[PDB]
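Read the single chain below, which is given as structure tokens and is the form deposited in one PDB entry.
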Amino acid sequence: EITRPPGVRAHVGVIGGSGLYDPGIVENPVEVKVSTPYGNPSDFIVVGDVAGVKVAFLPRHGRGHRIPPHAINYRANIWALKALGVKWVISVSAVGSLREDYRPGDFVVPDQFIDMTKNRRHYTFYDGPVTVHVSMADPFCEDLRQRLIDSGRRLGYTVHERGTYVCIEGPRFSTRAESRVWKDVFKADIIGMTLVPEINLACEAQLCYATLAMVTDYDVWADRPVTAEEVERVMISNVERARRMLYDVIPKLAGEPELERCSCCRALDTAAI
């Protein structure tokens, strides 16, 4: 609805996670305020050009990592991106690994998730009177997944092509007994705190959303358990590789997602009562 400055539009949105507070990537950056019915997004959205494509960057934790996962205004964030006209959303996230072969420094492009959050307050945009139940069997946008995998391959980085993300509430990390459940019982591959309800809202807004995850740690399974400082250090050390992948992929997103490879692109057709 209202933006300041007025008239700003973008085509691709990038949501930065741990370690990614600035868009080193955009040219001609303008900071934009976007009105939402839910109040403030995490920070200003930075809009600029990447090889002729207009990109909107939002740090989910705000600049300086000021907002922990449970306190993020997920509704405002996704509303603001949708209001700017974006069709594609790339999320860049730090995750823990629950398997030896998904190693620190590897990328993962997950294809499934399990929601073990509890305190996020709103899991939908739709509280009535139109009841909306989106289908999320295949919750990520395949068109964008495949493009991230291809970019990673071309640049020579390791990119695991599948993975189930278990989303936990936090902010504490898991106990050993919990980690054993995630790994041995649920057979999840990676773990983080921020995917839900971000992905649910992206789907409801009919966006093509995918996650580019970077493994930062092995959860409770190494000699030393994960610490926050380790996650941050690992991300900051590798942010250059994530930036290179974004510069590779974004120019290829000049067009529209293919409907047959975008499960949420027409989610509301069959979902609203």
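Each residue number is its position in the shown sequence, starting from 1. Think of the rigid core as the biggest set of C-alphas that the two forms share within 1.5 Å after superposition.
Missing here is the form deposited in another entry; even so, the following discussion is about that form.
Could you check which of 264, 10, 253, 25 shows a C-alpha shift of 2 Å or more between this form and the one not shown after a rigid core superposition?
-> Result of the comparison: 25.
Explain in one word, closer or farther, how the Cα atoms of residue 19 and residue 94 are placed in the other entry relative to this form, where the distance changes by 3 Å or more.
-> Their C-alpha distance grows by at least 3 Å in the other entry.
Pin down for me whether the residue 248-residue 21 Cα distance shrinks or grows in the other entry relative to this form (closer or farther, change of 3 Å or more).
-> Relative to the shown form, the pair is closer.
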